[PDB]
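Below are the chains, spelled out letter by letter.
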Amino acid sequence: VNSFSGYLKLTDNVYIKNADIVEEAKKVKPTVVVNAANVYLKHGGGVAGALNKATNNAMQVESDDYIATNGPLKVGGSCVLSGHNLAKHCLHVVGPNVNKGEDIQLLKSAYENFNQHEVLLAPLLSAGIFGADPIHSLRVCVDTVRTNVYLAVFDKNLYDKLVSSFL
Ligand SMILES: Nc1ncnc2[nH]c3cc(F)ccc3c12
């Protein structure tokens with residue numbers, strides 16, 4: 001048993017809810033919150049900008065030190081950093097950004113990072129401002145992640161659309 005509440009069960013291991021991941025993180029304080037990162041860990045907008053804002057920019061300060069030491073991530077890759085005031089850990093995962101011209105096949109590789117963690121609170125990778133089809137992102141998630149994932153969908157109208165179209 002875990003502390004996630006009000007989720008719609010999609011499969012054995014995938015759950016979904018219409019919620020802001022920042023508000024869910026603050027309430028649950030999960031072991032792992034996933035950030036929809038870019039390779040530079042520059043948290044300007046979307047999930048990244050909102051989580052970073054909720055950490056009072058501490059996420060960005062930590063991220064800049066990580067990049068100065070290690071260089072950029074790969075598209076499809078990830079790193080584990082602090083969850084600050086939101087979670088124990090933040091798993092920064094880079095899905096492909098369609099609005100930059102990256103290969104959507106890399107979305108499966110991005111979701112594979114979730115399998116290194118038994119339970120995660122996570123967003124739909126590559127959706128929203130990343131430019132991919134969210135119905136597709138949900139399908140790849142269900143077909144790739146084997147650990148227990150609690151998906152927070154921010155957009156109310158998109159949430160209704162994802163549930164009603166789910167196979
Ligand atoms: N794309 C998302 N998925 C789940 N939760 C979210 N909270 C947000 C807050 C923002 F300002 C922007 C995007 C999200 C978001």
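Residues numbered from 1 in each chain as written, not as in the entry; some residues may be left out. Heavy atoms only, no water.

For this coordinate set, the PDB header names X-ray crystallography as the determination method and states a resolution of 1.0500 Å.

> Help me out: how do you make sense of the side chain of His-43 in this one?
Here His-43 is to be found in the loop between β3 (32-36) and α2 (46-54). With a relative accessible area of 6%, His-43 lands in the buried category. Ignoring sequence-local partners within four residues, the contact set of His-43 consists of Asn-35, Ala-48, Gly-49, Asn-52, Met-59, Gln-60, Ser-63 and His-92. (Helix = DSSP H or I, 4+ residues; strand = E, 2+ residues; numbered from the N terminus. Buried < 20%, exposed > 50% of the residue type's maximum accessible area, 1.4 Å probe, protein only. Contact = heavy atoms within 4.5 Å.)

> Is there a simple way to explain the site of the ligand in this structure?
Near the ligand you find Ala-19, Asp-20, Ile-21, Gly-46, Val-47, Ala-50, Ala-152 and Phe-154, and these make up its full shell. Within the contact set of the ligand, a nitrogen atom lies 2.7 Å away from a side-chain nitrogen or oxygen of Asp-20. In this structure, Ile-21 approaches the ligand through a main-chain N or O atom, which is 3.0 Å from a nitrogen atom. Considering the ligand on its own, with 350 Å² of exposed area, one finds that the protein chains cover 72% of that surface. Placement of the ligand is best described as lying within the largest pocket. Take the shell around the ligand: its biggest share by element is 3 residues, from α2. (Near = heavy atom within 4 Å. Polar contact = N/O pair within 3.5 Å; in protein donor to acceptor, adjacent residues only side chain to side chain. Areas by Shrake-Rupley, 256 points an atom, 1.4 Å probe, with all protein chains shown as cover. 1 Å grid on protein atoms, 1.4 Å probe; cavity = no way out; pocket = protein on both sides within 12 Å on 5 of 7 lines; lining within 4 Å. Sits in = over half its atoms within 2 Å of the grid points.)

> I would appreciate a short explanation of the packing of aromatic side chains in the present structure.
How two aromatic rings sit relative to each other is given by the distance of their centres and the angle of their planes. Overall, the coordinates contain 5 aromatic pairs when judged by the stated rule. Considering the side-chain rings of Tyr-111 and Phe-114, the 5.2 Å spacing of their centres and the 70° angle between planes classify their relative orientation as edge-to-face. With respect to burial, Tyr-111 and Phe-114 carry one shared label: buried. An aromatic cluster of at least three residues, connected via ring pairs, comprises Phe-4, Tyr-7, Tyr-15 and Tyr-150. (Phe/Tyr/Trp six-rings, centres within 6.5 Å; stacked < 30°, edge-to-face > 60°.)

> Just to check I follow, could you spell out the pattern of salt bridges for this structure?
Opposite charge on two side chains allows them to pair when their charged atoms are near. Using the criterion set out here, one finds 4 salt bridges in the structure. For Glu-24, the salt bridge goes to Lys-17, with nearest N and O atoms at 3.0 Å. This pair shows no difference in class: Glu-24 is buried, exactly as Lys-17 is. Here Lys-26 and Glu-23 are joined by a salt bridge, their closest N and O atoms 3.5 Å apart. With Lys-26 and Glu-23 both in helix α1 (residues 21-28) and 3 residues apart, this pair spans about one turn of that helix. (Salt bridge = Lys/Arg side-chain N within 4 Å of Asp/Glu carboxyl O.)

> Help me understand the layout of surface pockets in this model?
The probe, sized like a water molecule, is rolled over the atoms to show the empty space still left. Quantified by volume, the largest pocket comes out at close to 480 Å³. What lines the largest pocket is a set of 21 residues, and nearest its centre among them are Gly-46, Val-47, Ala-127, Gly-128 and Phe-154. Mapped by element, the contributors of at least two residues to the lining of the largest pocket are α1, α2 and β7 (148-153). Among the elements that make up the lining of the largest pocket, the one with the highest residue count is α2 (3 residues). Within the lining of the largest pocket, the residues separate by chemical class into 15 nonpolar, 4 polar and 2 charged. (Points joined across faces, edges and corners; volume = space filled by probe spheres on them. Nonpolar A, V, L, I, M, F, W, Y, C, P; charged D, E, K, R; others polar.)

> In this structure, what is going on with the nonpolar core? I would like to understand it.
It is characteristic of soluble globular proteins that their nonpolar side chains tend to be buried jointly. One finds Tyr-111, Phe-114 and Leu-151 to be the most contacted residues of the largest nonpolar core, which totals 27 residues. No other element matches helix α5 (residues 134-144), which puts 4 residues into this core. Discounting chain neighbours no more than four positions away, the residues touching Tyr-111 are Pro-123, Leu-124, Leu-125, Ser-137, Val-140, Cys-141, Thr-144 and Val-145. Counting 16 residues, the second largest nonpolar core, distinct from the first, contains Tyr-7, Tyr-15, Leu-121 and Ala-152. (Core = buried A, V, L, I, M, F, W, Y, C linked by side-chain atoms within 4.5 Å.)

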